[PDB]
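Protein chains get the first letters and strands the later ones, always in sequence-line order, with residue 1 at the start of each.
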Amino acid sequence: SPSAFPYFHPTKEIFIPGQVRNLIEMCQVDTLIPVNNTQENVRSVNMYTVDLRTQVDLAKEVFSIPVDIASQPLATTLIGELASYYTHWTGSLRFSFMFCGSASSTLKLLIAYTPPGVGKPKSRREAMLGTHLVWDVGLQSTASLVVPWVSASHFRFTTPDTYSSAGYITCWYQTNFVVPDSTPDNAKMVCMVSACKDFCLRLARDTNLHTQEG
Amino acid sequence: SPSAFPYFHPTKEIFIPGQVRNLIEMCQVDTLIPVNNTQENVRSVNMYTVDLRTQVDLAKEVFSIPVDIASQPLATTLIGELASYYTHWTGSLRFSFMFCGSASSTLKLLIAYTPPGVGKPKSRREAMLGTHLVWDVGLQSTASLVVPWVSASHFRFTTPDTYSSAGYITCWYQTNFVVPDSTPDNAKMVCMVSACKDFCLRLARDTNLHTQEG
Amino acid sequence: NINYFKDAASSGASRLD
Amino acid sequence: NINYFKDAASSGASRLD
Amino acid sequence: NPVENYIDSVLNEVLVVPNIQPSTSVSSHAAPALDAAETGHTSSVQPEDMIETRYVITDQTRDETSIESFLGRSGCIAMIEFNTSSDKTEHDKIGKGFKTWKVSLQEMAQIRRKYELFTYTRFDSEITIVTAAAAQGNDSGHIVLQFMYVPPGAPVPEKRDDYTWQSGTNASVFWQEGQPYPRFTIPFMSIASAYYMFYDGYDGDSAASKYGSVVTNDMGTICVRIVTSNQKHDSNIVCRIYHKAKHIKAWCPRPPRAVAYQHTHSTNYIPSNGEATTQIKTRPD
Amino acid sequence: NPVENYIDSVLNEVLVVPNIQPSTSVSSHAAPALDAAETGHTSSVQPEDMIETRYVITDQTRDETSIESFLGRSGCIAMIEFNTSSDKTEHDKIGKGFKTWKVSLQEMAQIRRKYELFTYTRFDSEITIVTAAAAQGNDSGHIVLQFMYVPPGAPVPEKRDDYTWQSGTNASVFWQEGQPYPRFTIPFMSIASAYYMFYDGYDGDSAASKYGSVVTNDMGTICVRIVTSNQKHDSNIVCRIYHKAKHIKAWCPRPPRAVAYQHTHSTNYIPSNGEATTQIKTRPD
Amino acid sequence: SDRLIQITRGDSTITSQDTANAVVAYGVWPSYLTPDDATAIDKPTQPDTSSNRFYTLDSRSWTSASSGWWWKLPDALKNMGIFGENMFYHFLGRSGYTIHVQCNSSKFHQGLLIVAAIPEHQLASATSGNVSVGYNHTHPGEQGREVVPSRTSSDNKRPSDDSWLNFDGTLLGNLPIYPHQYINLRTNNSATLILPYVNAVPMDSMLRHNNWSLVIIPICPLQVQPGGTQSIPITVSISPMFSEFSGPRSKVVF
Amino acid sequence: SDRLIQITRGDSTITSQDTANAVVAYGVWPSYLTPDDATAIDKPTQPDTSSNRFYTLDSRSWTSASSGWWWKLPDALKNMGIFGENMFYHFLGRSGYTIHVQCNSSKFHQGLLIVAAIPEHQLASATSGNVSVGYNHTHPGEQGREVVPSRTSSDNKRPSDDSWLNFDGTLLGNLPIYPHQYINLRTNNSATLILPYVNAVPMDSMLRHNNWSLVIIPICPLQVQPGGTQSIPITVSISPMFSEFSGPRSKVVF
Ligand SMILES: CCCCCCCCCCCC(=O)O
Ligand SMILES: CCCCCCCCCCCC(=O)O
């Protein structure tokens with residue numbers, strides 16, 4: 001198409017740090033999942049923190065989420081937001097968990113990905129039959145569960161669909177949250193999501209996560 | 001024409017068995033002819049079966065059909081259905097007959113193709129002057145009559161036309177349906193049609209064999 | 001055969017097989 | 001790729017990087 | 001050499017047919033006329049095996065029965081209807097200023113029956129739009145239409161001038177009176193390697209779970225509006241969507257539909273009528 | 001060889017994705033599953049490190065998530081409205097014979113949110129114009145429009161047939177009924193090396209000084225008139241301006257807008273309503 | 001001798017002395033999924049001999065009144081040994097099959113079965129309206145479904161029993177376009193179908209989707225004179241081939 | 001860092017940040033049976049990733065009063081996914097194991113567990129006379145057995161609870177002659193044992209014979225001052241390794 005400014009020379013392109021060439025570079029950055037998302041927490045930083053504490057009963061559940069990247073609570077993460085500009089997704093997801101207790105606190109967690117066809121696991125015993133990590137909390141404060149791409153079709157819809165749904169993450173006490181004296185008997189964990197090396201988005205669309213009136 | 005999805009990469013083509021490249025591959029497969037097609041039989045598997053039984057009189061007729069591929073009863077066969085998506089046809093047809101009596105039953109049949117210009121044969125003596133097979137029923141339970149391409153013009157219309165009509169198949173007792181004791185004195189034959197190696201269809205059209213209201 | 005558009009899908013009918 | 005107009009800006013979408 | 005394939009393509013001689021060889025009388029233990037259809041194989045017998053044939057140089061070609069020829073023709077797949085209003089409040093509403101249509105090949109029987117000769121199909125889609133705006137008053141006014149493809153999960157318009165029509169990421173095509181018929185390609189867009197014409201499966205384990213090809217890939221929605229604000233003289237607008245498959249592959253051939261279609265994505269065939277049962281095209285004699 | 005880059009471009013295979021390598025059980029002091037997110041780096045762990053994988057030849061491509069693909073789609077950026085008059089005095093006036101629009105990407109949320117994923121952007125702009133002139137009487141008359149780009153400091157029209165419409169130096173494009181949608185390119189036109197999507201700065205030191213991206217580059221004004229003098233039958237004219245970025249560079253990615261926009265060139269988010277606070281798309285459970 | 005067959009699959013062996021060859025559906029032998037067509041990145045389990053073996057389904061009686069029978073795959077095998085367990089413990093599976101249909105009689109019986117394997121046999125409802133066939137009805141397990149003439153029930157989720165319309169609005173005379181054999185009682189006492197994995201995705205949910213339907217329809221009714229055995233069994237034996245499963249999880253419970 | 005471990009088995013991964021190395025029992029890594037040592041001639045099924053993965057058993061609470069715990073293998077896994085199904089559907093099986101025992105605490109807790117794998121841990125009765133330990137008692141499944149001081153019951157089929165006599169008439173101080181580690185709460189939060197298949201026959205009935213017993217005994221009691229967590233879990237995760245099965249049959253039912 002013809003230029004409206006027929007001899008115009010644009011201003012020199014200077015080097016600027018942080019050039020982005022592809023949105024998957026942004027999906028490959030961890031962003032916090034608002035896992036807690038109760039009515040008391042969604043106006044606050046508290047939605048990003050999952051509570052851990054010394055249990056009286058063994059093998060209790062800590063949290064659960066659907067893994068489908070543009071479903072709630074993943075939807076407002078950077079990967080969920082970018083995925084909601086696209087109709088299809090594929091490839092593996094990395095969920096990372098950062099323990100924020102004291103250095104004197106100890107914990108093991110079983111974090112499990114359960115594929116479609118059985119709903120959410122009702123116990124750690126059901127959950128551990130799926131893909132899982134036993135995470136020992138230590139000097140390294142962060143662990144990652146990879147949700148491998150395990151699907152019938154090469155792609156899934158980003159919009160919720162019972163044919164295309166990706167399954168669930170569940171987190172369980174392996175052992176317990178154990179502390180000595182003079183240590184809080186409770187702590188927070190922060191949950192994060194990012195794309196693995198195989199992750200892709202396909203058919204561009206208007207997002208369902210932003211609207212305009214007037 | 002421009003793509004509405006300007007960077008979209010389609011899902012990988014995986015190998016799937018049973019690829020079809022040409023409709024003549026489907027016309028080359030035998031499908032059953034509803035030869036019996038009386039009002040009592042057209043809601044049932046019975047329309048596909050021709051009755052055979054011990055005759056008291058010699059040289060009786062078993063059945064007749066027009067051979068024109070998109071005429072009744074051939075019209076709803078796969079070759080007749082595919083032919084009805086086209087205006088012209090040419091090449092040879094294979095009619096196959098599978099005898100379904102007992103192994104203890106014996107029979108000879110004369111199956112004849114009569115070209116245009118004389119109507120349907122009124123006797124086995126008239127029919128046997130045309131192209132025919134004397135079929136002996138034995139360990140091989142199936143026989144084929146080829147209706148050779150014998151036409152003035154290189155093609156015929158698939159729609160019924162007195163200038164373009166293809167003639168008739170007739171089937172006759174050669175000898176009789178003969179059985180020992182403890183054997184049913186009657187049996188069924190199944191009639192099938194498929195294309196020979198020379199068969200073709202030309203000018204594509206809307207089918208007359210399917211309609212929509214509302 | 002000249003292709004005017006940047007996508008394989010934009011081309012006309014494929015060759016017969 | 002043929003360019004019909006005298007300005008670089010007039011060309012279609014750039015090659016991917 | 002590619003020039004030979006070009007010459008064959010312009011002559012429509014790509015798919016040659018065998019010659020009929022000359023044959024003579026035979027008396028043999030070989031009996032090509034006899035076989036066992038029980039095997040599930042069709043007899044290999046040819047005219048030369050059963051009559052005395054002449055030599056015929058066969059001029060016929062199979063190009064027009066190629067799946068590209070058979071499915072690669074534009075047919076109607078939707079009629080999208082809306083009736084514009086001179087009232088500013090009514091012109092904003094669905095069915096009046098704009099209309100939506102859930103994409104499928106399921107609504108028009110002529111196209112549906114042809115693609116349903118196959119179990120799986122893979123093709124790019126050429127879409128062509130034929131708009132006819134029937135003037136209900138003394139003038140047409142200015143007719144400008146926007147057709148927006150809304151992929152699954154993108155927000156569907158609820159009003160004629162809703163924010164969704166900004167089309168910042170969706171594909172839109174604009175048409176105005178006297179403009180040639182809009183045309184664009186949709187590439188093969190399933191999450192699977194082919195479209196399911198049929199699917200013997202469910203979206204779930206339950207009594208309420210959906211069954212059949214509707215499960216397999218949501219195809220999004222075409223939304224059409226008149227871009228023009230309310231005008232003095234009403235128009236009964238019908239947009240006909242024509243679809244041509246291209247770059248076609250098809251697998252696992254099927255018996256053709258033998259009885260009227262009743263519903264989209266369903267093989268159901270029993271009509272609502274209590275006197276009239278489902279009707280075939282087999283004529284009695 | 002450039003033909004390889006062309007073939008990859010027509011297939012949309014330019015941006016290849018790694019294969020999944022086969023992996024086996026591991027028992028090691030190396031613990032890829034463990035890291036320190038405190039470092040600000042995202043863990044490098046991949047599926048092969050944490051499950052036993054098969055070999056998969058990865059067919060996916062990233063071409064459609066390129067910034068050229070993501071921002072390089074036409075979206076609405078303005079609706080410019082004027083209502084013509086049969087009265088010779090009223091037809092000369094702003095809002096009646098002509099309208100002006102201060103250029104920005106700020107008014108339409110679908111485009112705005114996408115470009116605001118970046119702090120700085122540099123692109124050439126393809127502009128396309130969709131005009132819909134709603135006939136209020138029995139005929140359209142002769143509709144000829146002039147769109148004039150008025151750069152910063154050039155005189156803006158105050159009347160429909162003012163001297164400024166002579167366009168002796170400004171770019172103008174003319175459109176008439178039945179003409180295809182006007183299109184032209186604006187080259188990247190900032191006085192800086194990129195457009196500021198955001199600017200944490202001011203035009204001055206004072207309480208009254210402006211804040212934010214509005215400071216950084218005035219983008220001029222689109223002026224549209226009907227060129228036709230006053231006619232018997234009025235038209236409610238709406239010109240929709242569509243913008244596609246081309247030759248795109250983008251820097252310093254940002255969190256997406258999580259709450260409704262309130263004003264142009266402003267990150268302000270608090271609504272006027274006293275019962276309803278600012279709303280996010282995080283659903284409670 | 002072309003009449004004979006022996007098929008050995010794991011610890012199971014089938015014989016017949018009156019075959020009519022065997023059909024390899026679409027001319028493609030079953031095989032494991034290759035890396036080029038795969039999408040699920042987890043290493044699949046290939047249970048081999050414990051899974052890829054003949055399971056004999058519940059036998060059915062062919063009478064002069066019979067209208068037909070069908071089974072769905074993999075559904076017919078969901079309770080069958082280690083193959084069945086693997087379907088319940090994994091999100092994804094793929095398999096081919098050997099189907100051997102067995103129906104002996106005398107030199108004095110008459111009858112014709114078509115035995116067809118249909119890919120994506122999406123059933124019609126037995127009722128008017130848009131109501132689709134219910135999950136429990138298309139998942140009858142190793143019993144399969146017996147077709148009954150003029151069957152009376154109030155359940156609008158039940159499938160069509162019109163074998164002459166292929167239970168799906170298409171004519172029975174065209175059923176031979178699918179992979180098929182016949183059992184013609186004068187000719188043969190068995191039919192053998194070898195089925196590759198056929199789907200538009202490289203693996204699928206075994207419990208949500210039946211890739212193949214085995215349809216057995218008497219075209220020529222069973223006939224035999226007094227003193228001959230008046231009804232004869234039809235027995236179906238099916239072996240998975242190159243079965244693979246991936247995405248192990250807790251066992252599905254209905 | 002020698003403190004760290006990650007073990008990946010199928011779709012399961014375990015981590016620890018305070019190990020004390022790992023023990024390969026008798027210095028032999030697990031492997032499949034070779035043709036030289038095999039006797040059963042049927043091709044075995046090797047279910048690989050769906051079977052050779054960590055299963056986490058039911059967790060137990062270590063208190064200042066605890067006397068010990070034990071599990072039997074393969075019995076502890078008989079209900080565990082595809083490994084458990086394969087044990088019930090086959091006459092013969094063989095497997096090695098990775099056992100990972102998990103017990104975190106603070107820098108302020110004290111305690112010592114010995115964690116031992118005993119081959120052929122033939123138990124003594126808790127009663128006088130020649131009455132042997134009952135099948136149901138040596139087959140507790142994934143729960144294992146908790147040892148109780150001075151336990152009172154009338155059942156003469158119950159096993160010894162004398163952890164100081166190894167439940168079998170041999171002294172606890174000599175238990176280190178078996179493949180073992182310790183969990184000393186000041187040093188480590190886990191123990192790892194890699195167990196080859198150990199038997200006088202190349203494969204065996206999984207349900208009739210427990211090749212290994214996992215024994216966990218507190219030698220130094222759990223101690224921790226007020227305000228510290230007074231009881232801490234012990235969690236056992238076990239992965240089969242190179243699991244093989246042969247002689248497929250109908251499922252065993254108890
Ligand atoms: C968005 C423009 C219309 C696109 C038409 C797509 C046609 C193929 C759909 C295949 C599935 C079906 O409906 O059976
Ligand atoms: C004169 C035709 C319209 C030109 C549109 C220019 C769009 C880029 C403006 C960037 C600054 C912004 O508004 O945020």
Side-chain angles (χ1 to χ4, degrees), chain C, chain E residues 1-17 60-75 114 118 121-128 149 171 173 182-190 193-195 219 242-251 253:
Chain C
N1 300 13
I2 299 172
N3 286 318
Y4 305 119
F5 305 95
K6 298 183 178 179
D7 299 96
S10 286
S11 63
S14 63
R15 73 89 180 156
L16 301 191
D17 200 52
Chain E
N1 183 306
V3 177
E4 300 170 300
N5 307 121
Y6 171 77
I7 292 162
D8 293 348
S9 300
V10 301
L11 297 177
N12 302 300
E13 298 186 350
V14 184
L15 307 182
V16 172
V17 181
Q60 295 93 279
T61 79
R62 293 185 175 134
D63 301 33
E64 222 68 356
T65 51
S66 62
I67 296 311
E68 264 284 29
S69 171
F70 178 65
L71 298 186
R73 301 175 190 259
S74 299
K114 292 175 64 178
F118 312 99
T121 57
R122 179 189 177 102
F123 50 83
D124 305 315
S125 296
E126 176 192 286
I127 304 303
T128 310
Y149 177 64
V173 65
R183 176 178 285 174
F184 56 87
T185 293
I186 297 287
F188 172 69
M189 65 163 284
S190 188
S193 300
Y195 301 125
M219 208 68 178
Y242 289 79
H243 170 279
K244 164 173 175 178
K246 303 189 296 175
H247 310 296
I248 314 183
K249 298 191 181 186
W251 300 261

Peer 1: Mind ranking E:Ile186, E:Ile248, E:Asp124 by heavy-atom pairs under 4.5 Å with chain C and telling me who comes out on top?
Peer 2: E:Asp124
Peer 1: Once rounded to the nearest 0.5 Å, what's the spacing between atom NZ of E:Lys244 and atom CD of E:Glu68?
Peer 2: 7.5 Å
Peer 1: Measuring heavy-atom distances to chain E, does C:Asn1 have an atom under 4.5 Å in its side chain, in its backbone, in both, or in neither?
Peer 2: neither
Peer 1: Measuring heavy-atom distances to chain C, does E:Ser66 have an atom under 4.5 Å in its side chain, in its backbone, in both, or in neither?
Peer 2: side chain
Peer 1: When you look at OH of E:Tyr6, are more than 12 heavy atoms from neighbouring residues, nucleotides or ligands closer to it than 6.0 Å?
Peer 2: no
Peer 1: If you count heavy-atom pairs within less than 4.5 Å of chain E, which of C:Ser10, C:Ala13, C:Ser11, C:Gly12 leads?
Peer 2: C:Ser11
Peer 1: What's the shortest heavy-atom distance between E:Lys249 and E:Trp251, and which atoms?
Peer 2: CB-CH2, 3.6 Å
Peer 1: For E:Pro182 and E:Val173, work out which heavy atoms get closest and say how close.
Peer 2: CB-CG2, 4.2 Å
